[PDB]
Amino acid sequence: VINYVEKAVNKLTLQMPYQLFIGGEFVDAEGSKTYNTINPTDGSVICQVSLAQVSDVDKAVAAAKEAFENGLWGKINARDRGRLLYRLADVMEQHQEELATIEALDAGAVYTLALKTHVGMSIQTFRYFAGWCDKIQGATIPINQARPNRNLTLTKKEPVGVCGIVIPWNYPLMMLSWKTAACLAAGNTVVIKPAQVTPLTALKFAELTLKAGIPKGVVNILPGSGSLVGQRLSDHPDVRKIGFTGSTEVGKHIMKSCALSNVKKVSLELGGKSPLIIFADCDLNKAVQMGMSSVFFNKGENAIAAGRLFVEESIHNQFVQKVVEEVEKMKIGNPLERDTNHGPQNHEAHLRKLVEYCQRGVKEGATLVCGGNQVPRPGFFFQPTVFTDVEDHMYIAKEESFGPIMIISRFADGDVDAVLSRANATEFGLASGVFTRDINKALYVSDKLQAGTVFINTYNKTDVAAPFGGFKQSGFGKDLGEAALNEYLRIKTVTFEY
């Protein structure tokens, strides 16, 4: 039997695992060490969670290696790996209310959105990839013939083997799902590190894999310190790939560590400063609605949020009046209250960073139109904010808030290429967008924008079939889509002579 932290909320009896998941069992960390996970709604401790040690990482991994090399996962039909992954998806759906509640407690996700998206997309993610398992194909290739002889050349797609994935705290389960589904669809086994601040949906997902019959060893979760577990996953000789989403500096270190050990393959999503250009000839109310969302969605803790809105001169003031009208209507509150629109930031230290951030924006000269402060109520809520008169040299033009702060700039009537470089000046390139009703503009603007995603007349419109990843200092590699699969596959060439 599994030890749970029981807790009655949202009409529910939650049963939450709080330990390391290694080898298909929940165990305490070495020397029973633990740490506190914190509910951002009121500041309380939710419980104590195991704190992984170097020798626990070694066990997660030995188990991942054994499951891959000798266990069932590596011996069964691609189609059957499909079945299992599609079953895990049914289980996740059977437990959806419970997972969205846990994600609301653990991470401050407004409960309606945690159902429809955090958990909703998690489920689509496994179901999509399960589809791929028996549809991953190699090639036969018509090479030159060694006459008087004959040659056949074919390629076999194979799994890379044991993989370490490190997940961010903005959407704990969904991001777990994005990287894990693809990784396992390709026939790998995995050691997962959820962020230190958000371990709970990972741990419950762990248990679901048991409920789903996924073979002992295939999934191993290690909550705890990022630089203890992330570091060792990178150095380890039996790990062949690291998937990393997170901060830039930590990214660089990770790739560096991958290089120094065994030249493991590495993915990196290091956030962004995504531009959104809004011309005069767009549909303005809709630009307001979608503009607001491009910033405020999931309390701005969103690696592709619009980090700079460039609004055409002649509609700028009208756009700002309208955004202010609508911001006053958002309902800030507890994530479990059904009428809540805008919930807490994820943890305390981020709320501090948000405060410091808008302090500095005011200092350096920008115009603060609303918000900027902690909301006066318990927990870690932050007021939806709007800056105008942002000039390209300001820190709030260069830096990623990861919070609900709308940073607006003007550009001149009909002045396309100039606004284009302003928008391209960054060393990020994770996403971008443009609103206009003119087709020429839209097409042209999407060619020139130096970002991995261009949204046209919509925003935050990701999908499990559509690949996701940045250019430049946002990193490289994709999550979601056929393309995702390639990070977790290796290609073998086989050339016969006969």
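In this text, residue numbers run from 1 along the sequence as written.
The deposited model assigns a higher average Cα B-factor to 245 to 253 than to the other stretch when 245 to 253 and 191 to 199 are compared. If you average the C-alpha B-factors over 303 to 311 and over 225 to 233, the higher value belongs to 225 to 233. Considering 443, 54, 454, 465 together, the PDB entry gives 54 the largest C-alpha B factor. In this structure the maximum Cα B-factor among 151, 137, 385, 341 is found at 341. The deposited CA B-factor of residue 266 belongs to the middle third of values across its chain. In the PDB entry, a CA B factor belonging to the lowest third of its chain's modelled residues is recorded for residue 274. Sorting the modelled residues of the chain by their CA temperature factor places residue 25 in the highest third. Annotation for residue 471: C-alpha temperature factor in the middle third relative to the rest of the modelled chain, per the entry. Looking at the C-alpha B-factors along this chain, the one for residue 111 belongs to the middle third.
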